[PDB]
């Protein structure tokens, strides 16, 4: 940076020795608690989240929830599952979903999802809004 160079030059002109970007200090960012609220809970126990833009942080959250709550059935309905992960990506939302086993559709909840046999929802593990 311009700032860094002015600081370096100043030290040098005064003959001050120094170590430059020589040492790393490790540290850990603690784990944090959050909540995610699906838009709909269907009678057969399927949760559905509707999404327009779907950012990288959202994708990550999705994977964490899946790994932490294998018993929940959370699906996504996209304005478009063809949108790319980002401006230059070759992969779309839908592709990401198929890669990670996330059930999804576009625009509306498919009639077949609604017909699936009921399954229990561990509400005790959830927090009512």
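Residue numbers count along the first chain shown, from 1.
Averaged over Cα atoms, the B-factor as recorded in the entry is higher for 84-92 than for the other of 34-42 and 84-92. Annotation for 117-125 versus 103-111: the higher mean temperature factor (C-alpha) is found in 117-125. Split the chain's modelled residues into thirds by C-alpha temperature factor. Residue 51 is in the lowest one. In the PDB entry, a CA B factor belonging to the lowest third of its chain's modelled residues is recorded for residue 75.
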